[PDB]
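Peer 1: Sharing an experimental structure here, sequence included.
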Amino acid sequence: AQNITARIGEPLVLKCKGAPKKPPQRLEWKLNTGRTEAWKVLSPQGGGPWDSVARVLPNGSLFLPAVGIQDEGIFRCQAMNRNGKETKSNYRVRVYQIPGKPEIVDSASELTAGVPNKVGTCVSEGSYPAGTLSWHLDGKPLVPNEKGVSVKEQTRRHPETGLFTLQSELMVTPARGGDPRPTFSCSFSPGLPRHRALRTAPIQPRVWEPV
């Protein structure tokens with residue numbers, strides 16, 4: 001049943017299939033989401049508190065002003081022409097949100113070519129879903145296990161807004177006689193196959209020999 005993604009706090013319209021543009025219409029909207037467990041059905045326009053959340057338009061389509069988190073789920077619409085021609089619609093809804101540009105904090109301007117050093121802590125604020133936080137070296141990706149690399153990831157959730165926060169502190173051990181001018185960048189990339197990663201502005205500290 002058709003996959004659908006929509007940004008939280010935006011609007012969204014679900015076109016009821018085979019329904020006449022202006023009443024009389026024989027339509028029905030079922031919906032399974034966070035706000036209703038399991039199924040709820042709506043009457044046309046009225047004083048009920050659902051006309052702020054999701055209501056049917058003259059067009060016949062269902063329309064929600066502010067898609068939120070609790071609106072992830074399943075939306076069904078069964079329609080009827082005068083002749084009886086059934087035409088149904090099965091909408092699977094998932095909601096997303098892009099977080100602020102990934103800034104680095106606690107960064108370091110100089111590091112030694114001897115011991116592991118903390119490069120910095122990457123921070124992304126207000127996402128959905130969480131998604132990864134990958135560090136990069138000279139435009140190329142890096143691997144946490146080897147060589148002489150470490151990563152200290154994390155993930156929170158704001159109890160109110162339901163949005164996520166990610167932290168990815170890095171640590172490296174520069175190979176002796178290696179490049180004194182590395183170049184590090186972090187990035188947020190959601191799991192979906194659309195939005196590109198949000199890179200951070202590259203930092204490039206220096207690798208001094210110890211003594």
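Peer 2: Thanks, I have the structure now. Residues are numbered from 1 along each chain as shown.

Peer 1: CA only for contacts and neighbour counts going forward, please
Peer 2: Will do.

Peer 1: Run a quick neighbour tally on residue 129.
Peer 2: 18 (other CA atoms under 10 Å).

Peer 1: And for it, nearest residue in space, chain neighbours not counted?
Peer 2: Among residues not flanking residue 129 along the chain, residue 96 sits closest, at 6.6 Å (CA to CA, 6 or more residues apart in numbering).

Peer 1: Verify the stated contact: that neighbour with residue 7.
Peer 2: Yes - between residue 96 and residue 7 there is a contact under CA atoms under 8 Å: 5.1 Å.

Peer 1: what is the residue nearest the centre of the chain paired to in the beta sheet?
Peer 2: For the chain, the residue nearest the mean C-alpha position is residue 128 (3.4 Å; CA atoms, centre = their mean). Beta-bridge partners for residue 128, by DSSP bridges, are residue 97.

Peer 1: what's whichever strand or helix holds residue 188 in contact with?
Peer 2: Assigned by DSSP states H and E, residue 188 belongs to strand 184-189. Residues outside strand 184-189 that contact it (CA atoms under 8 Å, 6 or more residues apart in numbering) are 102, 104, 122, 124, 131-139, 195-204.

Peer 1: can you list the domains in this structure?
Peer 2: 1-98, 99-211 (curated CATH domains).

Peer 1: now the first one, how far from the chain's geometric center?
Peer 2: This points to domain 1-98. 22 Å (CA atoms, centre = their mean, to the nearest Å).

Peer 1: ditto for stretch 111-121
Peer 2: 31 Å.

Peer 1: What residues of that stretch count as buried?
Peer 2: Within stretch 111-121, the residues scored as buried using 16 or more other CA atoms under 10 Å are 111, 112, 113, 116, 117, 118, 119, 120, 121.

Peer 1: neighbouring contacts of the helix or strand hosting residue 134?
Peer 2: Using DSSP H and E, residue 134 maps to strand 132-137. Strand 132-137 has contacts (CA under 8 Å, 6+ apart) with 122, 141-142, 166-168, 182-191.

Peer 1: between residue 96 and residue 7, which one's more packed in?
Peer 2: residue 96 (21 against 17).

Peer 1: Please list all residues in contact with the more buried one.
Peer 2: 5, 6, 7, 8, 127, 128, 129.

Peer 1: Around the spatially closest residue to residue 62 that is not a sequence neighbour, how many other residues sit close by?
Peer 2: Nearest residue to residue 62, sequence neighbours excluded (CA to CA, 6+ apart): residue 56, at 4.4 Å. Residues lying near residue 56 (other CA under 10 Å) number 21.
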